[PDB]
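For reference, the chain that follows is the form deposited in one PDB entry, supplied as structure tokens.
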């Protein structure tokens, strides 16, 4: 990606570009009857996540620097990052719902409704903890879209590895700009940058555990998975 537009954006244009790329907030096409079974819970989340994936593909294309890559590399990055991206989206929209996960405006679950599925309460607790940390830090929308982009570009990274590195540097510059603009001292900026990036290691962690569980669910044959979802799972073995 030598010569790329992405690398000569201002911080403010990078943010404008990322804001314009944002997917819509999806409603669940079903309201659950009450209570949940394993199968009804995994049905709602699987259905919601398949629909989110379609919109995440359109978003990825509008991320500066993403479409500079080979289609091969674009596929690898989304295959590696998709559940981290669903997760950062979930913890962001759950920030104003303490103790609750806003899967959709018509699908708000507390940690208890996680108990009907094996291993799910542990994940919910880690998602809740991440949401609470974002609330404590007062994460801003402009910071969130920068982080979501870092996840996409970073999660499968290990000309075209150096290109991804130059785009990641540009997104770092953007976060620091946003922070300076908001009146943080140079010390507060560097500290907040580190705090946000250390949360990406927790999101990577939740994704690796999530994927283990999706693979167990696959073999269990509890719910139909879409061909797309099966592709994403085969990618992780």
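Positions refer to the first chain, counted from 1. So that the term is clear: the rigid core is the largest set of C-alpha atoms that superpose within 1.5 Å between two forms.
Compared with other PDB entries of the same protein, residue 223 is missing from at least a third of those that resolve the residues around it. Unmodelled stretch separating residue 158 from residue 159: 10 or more residues (count of deposited-sequence residues without coordinates). Remark: stretch with higher mean C-alpha B factor among 111 to 119 and 85 to 93 is 111 to 119. When the C-alpha B-factors of 52 to 60 and 26 to 34 are averaged, 26 to 34 comes out higher.
Residue-level temperature factors show residue 98 in the highest third of its chain, judged at the C-alpha atom.
When the modelled residues of the chain are ordered by C-alpha B-factor, residue 65 sits in the middle third. In this PDB entry, the Cα temperature factor of residue 194 sits in the bottom third of its chain's modelled residues, the lowest group. Per the PDB record, residue ranking by Cα B-factor puts residue 40 in the highest third of the chain. Sort the modelled residues of the chain by CA B factor and residue 177 lands in the middle third.
One more form of this protein should be noted, the form deposited in another entry, which is absent from this view; the next part is about it.
Here residue 201 does not count as shifted, since its C-alpha moves by less than 2 Å between this form and the one not shown after the core is aligned.
After superposing the rigid core, the C-alpha of residue 33 moves by 2 Å or more between this form and the one not shown.
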